[PDB]
Amino acid sequence: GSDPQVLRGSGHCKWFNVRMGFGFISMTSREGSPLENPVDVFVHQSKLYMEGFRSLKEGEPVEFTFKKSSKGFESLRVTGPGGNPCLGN
DNA sequence: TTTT
């Protein structure tokens, strides 16, 4: 019934490195409110909603769930706008 | 699997 640290956010891919299997999202809104200061959120390839090889393209818009982690923040599931598949490279 |  509860998972209180899990929040919803939106933004765009800051960078993504397919050799390393991760990148960052620049989060520009959370919990339905735009942010005065964008926040980087780590994104691992395993979290990307899409078929085939998983990546994010620099600048593509994303919606996601995330949670604070030991090293920063962590994306938990990442989609395009409206829950459609991410585009990637 | 935490910086670009």
Side-chain angles (χ1 to χ4, degrees):
Chain A
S2 69
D3 194 351
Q5 293 194 242
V6 181
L7 295 184
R8 289 186 170 281
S10 67
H12 65 270
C13 171
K14 187 187 174 190
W15 59 270
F16 195 88
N17 182 312
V18 299
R19 291 198 184 195
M20 304 283 276
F22 67 88
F24 287 81
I25 288 162
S26 177
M27 179 167 59
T28 53
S29 295
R30 59 98 191 71
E31 295 284 297
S33 291
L35 297 177
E36 48 173 283
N37 181 33
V39 169
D40 285 0
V41 178
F42 174 83
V43 53
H44 191 256
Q45 62 84 8
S46 62
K47 313 302 199 179
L48 306 177
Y49 178 54
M50 58 204 295
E51 285 289 286
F53 188 91
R54 296 174 291 276
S55 64
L56 285 183
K57 177 181 188 171
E58 191 162 305
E60 78 171 281
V62 293
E63 298 174 5
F64 49 90
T65 50
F66 74 99
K67 186 188 174 180
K68 186 163 175 72
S69 58
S70 63
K71 298 201 165 179
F73 291 90
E74 176 186 13
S75 303
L76 301 174
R77 180 166 181 276
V78 177
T79 72
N84 292 147
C86 306
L87 295 181
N89 299 313

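In what follows, chains are A, B, ... by sequence order, proteins preceding strands, each numbered from 1. Computed from heavy atoms alone, side chains included, the values below leave out hydrogens, waters and symmetry copies.
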**Q.** Presence of donor-acceptor pair under 3.5 Å, side chain of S69(A) and base of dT1(B)
**A.**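 Answer no: no donor N or O sits under 3.5 Å from an acceptor.
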(Q) Tell me if the side-chain of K71(A) makes a donor-acceptor pair with the base of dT1(B), cut-off 3.5 Å, by modelled atom types. (A) no
Q: Check whether any side-chain heavy atom of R8(A) lies under 4.5 Å from a side-chain heavy atom of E31(A), and answer yes or no.
A: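 Touching, per the 4.5 Å side-chain cut-off.
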Q. Quick one: on DNA chain B, does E58(A) or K47(A) contact a more 5' nucleotide (nearest heavy atom)?
A.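 Taking each residue's closest nucleotide, the earlier one in sequence belongs to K47(A).
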**Q.** Within one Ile-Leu-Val-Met-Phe-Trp-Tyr cluster: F16(A) and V39(A), side-chain cutoff 4.5 Å
**A.** yes
Whole-Å distance between [N] [atom2] and [X] [atom1]?
| X | N | atom1 | atom2 | answer |
| --- | --- | --- | --- | --- |
| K68(A) | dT2(B) | NZ | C1' | 12 Å |
| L56(A) | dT2(B) | CG | P | 17 Å |
| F42(A) | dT4(B) | CZ | P | 13 Å |
| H44(A) | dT1(B) | NE2 | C1' | 5 Å |
| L48(A) | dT1(B) | CG | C1' | 12 Å |
| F22(A) | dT3(B) | CZ | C1' | 7 Å |
| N17(A) | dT1(B) | CG | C1' | 12 Å |
| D40(A) | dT1(B) | CG | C1' | 15 Å |

Q: Kindly assign one of parallel, tilted or perpendicular to the pair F42(A) and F22(A), based on the angle between their ring planes and the thresholds 30° and 60°.
A: tilted
With sugar-phosphate meaning primed atoms plus P, OP1 and OP2, does [X] contact a base, only sugar-phosphate, or nothing at under 4.0 Å between heavy atoms?
| X | result |
| --- | --- |
| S70(A) | nothing |
| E74(A) | base |
| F24(A) | base |

Q: Calculate, to the nearest 0.5 Å, the distance between atoms CG and CZ belonging to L56(A) and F24(A) respectively.
A: 12.5 Å
Q: Sort out for me which residue in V43(A), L48(A), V78(A), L87(A) forms a side-chain contact (heavy atoms from CB on, under 4.5 Å) with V62(A).
A: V78(A)
